[PDB]
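[1] pasting the first chains of the complex, positions unchanged:
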Amino acid sequence: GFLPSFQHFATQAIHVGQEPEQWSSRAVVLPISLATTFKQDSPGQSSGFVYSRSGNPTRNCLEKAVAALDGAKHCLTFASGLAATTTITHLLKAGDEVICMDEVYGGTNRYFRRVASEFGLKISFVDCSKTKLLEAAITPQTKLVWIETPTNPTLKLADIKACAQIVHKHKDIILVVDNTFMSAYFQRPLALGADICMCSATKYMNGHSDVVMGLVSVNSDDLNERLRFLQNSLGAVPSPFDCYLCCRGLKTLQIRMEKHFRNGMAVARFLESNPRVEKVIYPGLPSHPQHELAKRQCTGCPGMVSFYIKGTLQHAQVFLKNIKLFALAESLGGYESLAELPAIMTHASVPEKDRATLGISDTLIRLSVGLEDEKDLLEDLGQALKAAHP
Amino acid sequence: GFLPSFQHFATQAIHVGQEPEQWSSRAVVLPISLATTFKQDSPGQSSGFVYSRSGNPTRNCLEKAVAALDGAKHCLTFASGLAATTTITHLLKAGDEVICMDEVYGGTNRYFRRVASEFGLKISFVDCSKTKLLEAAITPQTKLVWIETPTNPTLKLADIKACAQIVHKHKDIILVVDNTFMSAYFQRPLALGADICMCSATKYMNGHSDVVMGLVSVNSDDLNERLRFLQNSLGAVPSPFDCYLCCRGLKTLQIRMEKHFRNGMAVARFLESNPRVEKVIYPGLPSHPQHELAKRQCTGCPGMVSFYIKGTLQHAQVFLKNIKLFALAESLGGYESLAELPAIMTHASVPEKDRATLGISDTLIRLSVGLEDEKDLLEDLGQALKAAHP
Amino acid sequence: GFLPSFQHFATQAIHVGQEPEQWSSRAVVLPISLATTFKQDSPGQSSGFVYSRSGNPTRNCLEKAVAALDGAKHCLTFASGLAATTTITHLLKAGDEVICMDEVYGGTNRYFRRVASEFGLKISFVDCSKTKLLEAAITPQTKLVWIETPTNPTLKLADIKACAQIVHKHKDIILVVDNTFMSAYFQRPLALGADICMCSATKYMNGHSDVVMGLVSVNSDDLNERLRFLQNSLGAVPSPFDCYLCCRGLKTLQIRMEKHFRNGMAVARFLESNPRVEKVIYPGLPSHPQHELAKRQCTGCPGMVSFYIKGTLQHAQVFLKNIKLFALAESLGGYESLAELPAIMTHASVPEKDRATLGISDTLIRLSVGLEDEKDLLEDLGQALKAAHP
């Protein structure tokens, strides 16, 4: 019952920006161009490449592919998801206000709360799953609304089209959607009214746990010009080698995301029927409080499954010590299954009282379900839960 | 007559941080670890690696080597020299003031003037080659003094020890020296009183025109803690692949820099006796106005030579069209000889009236003398100057 | 109606040999170790790494993963499929005889016919699709039988179990199956009686058209010892960087091969009903003469589809000029759709009279169907065939 799949996604992921005719060799795969500089025909010629930080063949090719997958006219790549977040925030100026989704990646929270707030920006954290709370938080000084959906790590949704309608009633507010948890294959925020589609390509977009990278996609020529200026001027740019590996990852994005959905749904159903589990959170389950919204704004669901184990922190620790296929590690969106305890790991920097309000408790486990055989994943979770609750 | 050479530099560049015992394999060369994440023995363990952006084996190994070469306790790597500049600026807060050397890389000028200044920072450009002008510009709100020496692109010097003495009479002012043009082999700002030694590793430190990277070295544990927080929280981090290539470049840094000095001095002497050249600028020539200061604060001089061609922009254009070994291109500090026209290329973003005051005229040519045979370089410059002025 | 799928394949492709505990860092992804050499605790210690050609961490990790996917105890990697072929041939000696499948890759034919035959080896080409012809060609001097199934490029099959039974009635004959066209996911020659499973990892195993590599898998400890001696002594070894990229490719092998099968079957059915096509060859179609054998010895079929266009070479040339999604290029098994004319390209070195006997005519087109959207692939073939035959 999800939105129908993007129909040319796999074709675009393989071909857009990848014409062999652009290379002297007619290579069918884009070259890795490491050169920092490029010979000019005359001083300050306005065409061709000039300096790697400003633009380079491998990065420019990746940006064309990602733009197509995000349904965007323009894409910019960065050294990390947090570097993308920093660059977007530099669109503003002293005196501006940001509204941020109350539950975000701990590093996003840390950046807004401890860094951006020291340079004349006012930050408010608001539960944007309730559109009336977003409506009430907007002031004439609001210039940016930052929403993750689903949220890291409790997988709360925001209605992107409903939030876009609220913010676009006001003059000059940018809506950013952090699309990291869904990927371009399952959610397209620019088609739902977002002004900026941002993600940590570190996760599903690259998909191989071997690249740290941020991606920012826009339709606005004004936002493109302002962001291009900052990509060049702050210089938080990715290695061309990383651009190559991320481009290589995109070639399998459609088939990886379909497998993450099959495995994720099987894990979520398994946990929901296991008596050692207090509560499962997966947007693809009917039990998710926003399951109907997920079907209205997504084409499917990835491999992110969160659950509350029965008991206390001690039981969560025993579960995470006994997993043998899932690895206790940070990150998500790789081919390999990962598990973490957000309260002690990714969200340790979020104040304890804020974690309590958000439901980031000492029994919340976040799973990133990989591409392994379903039966092997369910046997691993089963035996680890039995070790925690004999 | 320069300061005596650093005596263990080549040994440290090859061995510091490179112990084979730290690798399971006992590899004599550091591995490239691309992994974004690392398996933990228990949740939030305080030791080992956690997440690539926060720290990773290849980057941490490079940072240990660069720290030793800069005479520093601590080193941080960034996605670019401009990302290093952005990260250092985030040490401050709204209401603080920066004093910047009046002549800097065009991108540094653009960042301070057009970006940092919009986030509650006051920026003043001061000729820090005159220590009384630096003294007079300091206010109680000054928190950062940013000096390049020699300057890009007219190779003006600042007396680092004299500037350090002035800023350290006040409470809580950070002195940054951008050491890009000298390299760690020829100038050690932390030994002359700088608080931060910054460079674009894109240039001499890597030396192979195939890595964009920034390096920041400090002795202060307070500055290390604040900068480490921002490396992690802004996420302007380098690829581990780029860290490997930069580490590979450091292994030849001493012998490259000695050859840049031999070739640079030969080019400067050749241009100084050529009647088609109005004026040569090279800190190693007795004709440089600050030659005596260069000998007091450096162990030598690299391959950066600037000159004013006789005549007009038309003659500069004909010279740059006729060079056949030197390539018309941005960047510097590579094995390959490069030439540019800063007024139209690297410094085009600096307002025309500011270029005029700084001496960045339409006849100023910046050379980066590479590692080619001296006779081939002198014949190339000779025939190109003859094409401009028969 | 194919053999049932390998059930732990995806789990093994992700986990076998990839334990984080083997790395000092506990990296969840294998490091790229470029080091040529490794520090020894004492001279000629028998444990640990010694010299990259003899063995190295990245290559040894890939070999463990491939061995599991081939159902093998041992795997050896080489610089190319042809280097694997050369190394296997060096198992023999002057006076030995090789029987080779009559239709093989042009380069395999060239190696046996023009190179191996000059070093005291007698080569006979035999149609091993007819087991009585194999039986009749074996002499007391036969030491190696080399079979490709399906064959490059007309996709003829050999009954591996039936050929194994024939050769194993004799003393000391090695049966090699070149598994390049099926991949480890769809065919397991070691489980059907082959002594050696060889492939060009250049094709499906890597799957991203960015690595040239050969793989050889065995169960015999004797063959492992003899081949390991030759991997080290001929030195036709892969780069650790290439081993990393091939390992990265294996992580998606199961889901890529399932998509190649869906797309390949759709293309084959489309060509079979198109009146501009003389004849389609696809082992998954009931029309293939050996369709029933394919179902008895394989778990599916990949994306290799061959067809004879109606008319002459001129029509084949017009088809190959008008394809806009398929690219005219050598190779196969990549994510991108490729087309070639074997008589003029891959099999040009095979004598014209031998091409005629094998059915490698000037109207035979070989397609490698990639991972693009099925509808886009069928529209591209349709419009190109219409350009050839209005």
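    Sure, I can see it. Numbers count the residues shown, from 1 in each chain, chains lettered A, B, ... in the order given.

[2] So stretch A:36-44, near chain B or not?
    Yes - with Cβ under 8 Å from any Cβ of the partner chain as the threshold, stretch A:36-44 lies in contact with chain B, specifically through A:36-44. C-beta coordinates here come from the backbone N, C-alpha and C atoms, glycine included.

[3] That stretch: end-to-end distance?
    Stretch A:36-44 has an end-to-end distance of 16 Å (criterion: Cα to Cα, to the nearest Å).

[4] Compare the residues of stretch A:36-44 next to chain B and tell me which is most surrounded.
    For these, the largest number of neighbours (other Cβ atoms under 10 Å in any protein chain shown) sits with residue A:36, at 25 neighbours.

[5] wait, doesn't that residue sit right on residue A:49?
    No - at 10.3 Å, residue A:36 and residue A:49 do not qualify as touching, with contact defined as Cβ atoms under 8 Å.

[6] tell me the SS of the closest residue to residue A:340 other than its chain neighbours?
    The spatially closest residue to residue A:340, leaving aside those adjacent along the chain, is residue A:366, at 5.2 Å (Cβ to Cβ, 6 or more residues apart in numbering or on different chains). For residue A:366, the assignment made with DSSP: H, G, I helix; E, B strand; the rest coil gives strand.

[7] can you pull the contacts of residue A:29?
    Contact criterion Cβ atoms under 8 Å, 6 or more residues apart in numbering or on different chains gives A:18, C:208-210, C:336 as the residues in contact with residue A:29.

[8] Residue C:329 versus that one, what's the distance?
    When distance is defined by Cβ to Cβ, to the nearest Å, residue A:29 is 10 Å away from residue C:329.

[9] what does chain A put close to chain C?
    A:7-11, A:14-15, A:18, A:20, A:28-29, A:208-210, A:248, A:251-252, A:254-256, A:258-259, A:325, A:327, A:329, A:334-336, A:338, A:370-373, A:375-376.

[10] In PyMOL, select just the buried ones from those residues.
    Selection of buried members from the residues of chain A next to chain C for PyMOL, criterion 16 or more other Cβ atoms under 10 Å in any protein chain shown:
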select buried, chain A and resi 9+10+11+14+15+18+28+29+208+209+210+248+251+252+254+255+256+258+259+325+327+329+334+335+336+338+370+371+372+373+376
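
[11] And the strands in the stretch 101-250 of chain A?
    Read by DSSP state E, counting those that start in this stretch, the stretch 101-250 of chain A holds these strands, from start to end of the chain: A:122-126, A:142-148, A:174-178, A:196-200, A:214-218.

[12] Show me what the third one is in contact with.
    Outside strand A:174-178, the residues within contact range by Cβ under 8 Å, 6+ apart are A:81, A:88, A:91, A:104-105, A:108, A:143-149, A:160, A:163-164, A:167-168, A:189, A:192-200, A:223.

[13] Please apply the same query to the fourth one.
    Here strand A:196-200 makes contact (Cβ under 8 Å, 6+ apart) with A:70, A:72, A:80-81, A:84-85, A:88, A:105, A:174-180, A:183-184, A:188-190, A:205, A:213-218, A:223.

[14] Any of those buried? List them.
    In the contacts of strand A:196-200, burial by neighbour count holds for A:70, A:72, A:80-81, A:84-85, A:88, A:105, A:174-180, A:183-184, A:188-190, A:205, A:213-218, A:223, counting by 16+ other Cβ under 10 Å.

[15] add one more, call it chain D:
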Amino acid sequence: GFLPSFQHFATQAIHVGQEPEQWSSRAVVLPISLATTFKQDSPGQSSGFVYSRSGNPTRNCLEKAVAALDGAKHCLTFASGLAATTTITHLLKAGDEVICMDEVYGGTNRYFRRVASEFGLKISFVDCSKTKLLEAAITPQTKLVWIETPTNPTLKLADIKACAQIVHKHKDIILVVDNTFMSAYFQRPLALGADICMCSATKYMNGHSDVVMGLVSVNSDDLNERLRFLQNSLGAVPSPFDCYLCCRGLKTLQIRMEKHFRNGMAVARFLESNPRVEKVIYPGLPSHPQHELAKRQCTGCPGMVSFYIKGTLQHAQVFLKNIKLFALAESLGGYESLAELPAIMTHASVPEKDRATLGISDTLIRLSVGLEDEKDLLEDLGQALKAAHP
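    Time to bring in chain D:
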């Protein structure tokens, strides 16, 4: 008193084959093109790239640079020095004879003695430092003479011009010189009458202990055609990534080799005056028995120094356990100083009686002197020798 230095070597190492005009981007540094295949304008077009094993942009660019440095018209790259040796041996046929220098790398000995000899080739090991022994070993069946000079590991020389005159009195004998120990910077066998200049680029040519590679340089169009056929048909080809790193290494070859000579000469003089050393071998010392020949056929000497420690294997082991800057490890020609015991390590495969005849005793230590500070290297050797002989 050595031959005068090659005068354009550094210019050629940086520029030959590296024209920015050949790249669409005008990159000043060659791109890494990993593509296995290349789009053709029509089937079997005779120009452009076709298939990575047959030729590719990065490898072809490296081959142009190495050809210039070897004074050759043609260069071919291979997966290793041993793969280059295997490929050259495939120039022959059953019934041909090879004469090999009696002292060679252990792996070269193993290949000729245990592998090539099984394919109808007769191998004779001859002390080619005595030209009358070479003259007497030649028969009408001799087709190849293989000489290393200086030899691995006792640094015996052969007079290349005198050996060339002897073999070229006969019809159709190829003289190969393995130039690994000298590098192209110090010895040019093609200018002294060799038909083939071969080396392990694993050592000095790459110089960074991170690439395994073989290089073969020729002037003959006949040898080029025959070797090109075998590079393509045996497929023992290097990764384009390895070709890039080797090309990057060549940019510093001149300055690295000059430093290896300064450090190597200082180490040799230090060992020659140390009472814990029985005998030092270094071609640059007047004490070397062939010092006068070294000055007639080389432009200098690299960092390879061999010595016999006083006493027994126990003293050699204590020396190799106490070195703290030199590392006990195989290989040579890197920036890092290495030491090995050839009798137990590189030459363990050579029969014990052959080692005795050649002087490869249990007290022979081979040093590869790196690019560290001279004083640090002499202090390390001094303290390690004192640990062995208090």
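
[16] Repeat for the contacts of residue A:29, accounting for chain D.
    With contacts taken as Cβ under 8 Å, 6+ apart, residue A:29 has the following neighbours: A:18, C:208-210, C:336, D:34-36.

[17] Name the nearest residue to residue A:191, ignoring sequence neighbours.
    In space, and not counting its chain neighbours, residue A:191 is closest to residue A:71: 5.3 Å by Cβ to Cβ, 6+ apart.

[18] most centrally placed residue in chain A?
    For chain A, the residue lying nearest the average C-alpha position, counting by Cα atoms, centre = their mean, turns out to be residue A:180 (1.1 Å).

[19] so that one touches residue A:214, yeah?
    No - with contact defined as Cβ under 8 Å, residue A:180 and residue A:214 do not form a contacting pair (9.4 Å).

[20] shared neighbours of those two, anything?
    A:81, A:198-200.

[21] Out of these, who's the most crowded?
    With neighbours taken as other Cβ under 10 Å, the top of the shared contacts of residue A:180 and residue A:214 is residue A:200, carrying 33 neighbours.

[22] That residue pairs with what?
    When assigned by DSSP bridges, residue A:200 has beta-bridge partners residue A:214.

[23] Assign the residue lying closest to residue A:55 once chain neighbours are set aside to helix, strand or coil.
    The shortest distance from residue A:55 to any non-neighbouring residue, by Cβ to Cβ, 6+ apart, is to residue A:49 (6.0 Å). Using three-state DSSP, the three-state assignment for residue A:49 comes out as coil.

[24] mind listing what residue A:49 touches?
    A:38, A:55-57, D:25-27.

[25] name the element residue A:100 belongs to?
    Using DSSP states H and E, residue A:100 sits within strand A:97-101.

[26] How about residues contacting that strand?
    Judged by Cβ under 8 Å, 6+ apart, the contacts made with strand A:97-101 from elsewhere in the structure are A:89, A:92, A:108-109, A:112, A:116, A:121-128, A:134, A:137-139, A:141-149, A:151, A:158.

[27] Please pick the buried ones from those residues.
    Buried subset of the contacts of strand A:97-101 (neighbour count, 16+ other Cβ under 10 Å): A:89, A:92, A:108-109, A:112, A:116, A:121, A:123, A:125-128, A:134, A:137-138, A:142-149, A:151, A:158.

[28] What are the boundaries of the helices in chain A?
    In chain order, chain A shows helices spanning A:9-15, A:57-69, A:81-89, A:106-110, A:131-137, A:160-168, A:221-234, A:240-250, A:253-272, A:291-297, A:313-322, A:352-358, A:374-388, with DSSP state H as the criterion.

[29] Now the phi/psi pair for residue A:345, please.
    With angles defined as degrees, to the nearest 10, residue A:345 shows backbone torsions of phi -120, psi -100.

[30] returning to that earlier point: ok, the contacts of residue A:29 vs chain B, which is closest?
    Using Cβ to the nearest Cβ, residue D:34 is the member of the contacts of residue A:29 that lies nearest chain B, at 13.6 Å.

[31] ok, residue A:181 touching residue A:154?
    No - using Cβ under 8 Å, residue A:181 and residue A:154 do not qualify as a contacting pair, with a distance of 11.0 Å.

[32] Compare the two (neighbour count), which wins?
    Neighbour tally, residue A:181 and residue A:154, criterion other Cβ under 10 Å: the higher count belongs to residue A:181, 27 against 18.

[33] what about the closest residue to the more buried one other than its chain neighbours, distance to residue A:290?
    Excluding its sequence neighbours, the residue lying closest to residue A:181 (Cβ to Cβ, 6+ apart) is residue A:150, at 5.0 Å. From residue A:150 across to residue A:290, the span is 8 Å (Cβ to Cβ).

[34] Right, I'll leave it there.
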